[PDB]
Structure formats: structure tokens, C-alpha cells
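Below is one structure, written out as C-alpha cells; comments come after it.
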Ligand SMILES: [Zn+2]
Ligand SMILES: [Zn+2]
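Residue numbers (our numbering): 3 to 70.
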């Protein structure tokens, strides 16, 4: 199989984390693609009228509070 990067069709700054646009599970960086479709739907990679985005990312938990 090919388990290598998926060079974001939106940013392409090494798509480290992942946001898979469903039901065509193309993995863009965490919710990068989301931004793209909202303005330009029909997936940048396979012109599908996207439904949801799943973020099966690891070891997260940033910030302290909400503002400070
Ligand atoms: Zn990206
Ligand atoms: Zn797609």
C-alpha cells in the first residue's frame, strides 16, 4: 500500500494532521479543505458535494483557557 503524505490540494505545506472530507475520505490538513469547500464545494480533488469531515488526529490539547 501507499501510506505517504497527501499534499493538500488547498495549502500543500505538508498536510501533517488530517481532516478527511467524506464520503470521499481525502485527507487534507485538519479542517483545511473545509474552508475550501464552503466557498468552492465539489472536492478540490474529486468534485463530490462533501458531507462531513472527520479528524482522526493524535495527541492534541493546546491552550490553557479560552481567551487567556
Ligand atoms: Zn493543509
Ligand atoms: Zn474527494
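Beta carbons: idealized from backbone N, C-alpha and C, even for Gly.
- Taking residue 29 as reference, the option from 67, 42 and 46 with the minimal CA-CA separation is 46.
- Of the other Cβ atoms in all chains shown, fewer than 16 fall within 10 Å of the Cβ of residue 56; this residue is therefore exposed.
- Closer than 7 Å to some heavy atom of ligand 2: that does not describe the Cβ of residue 57.
- Rounded to the nearest whole angstrom, the CA to CA distance from residue 23 to residue 37 is 11 Å.
- The beta carbon of residue 6 lies closer than 8 Å to none in the same chain, with the five residues before and after it left out.
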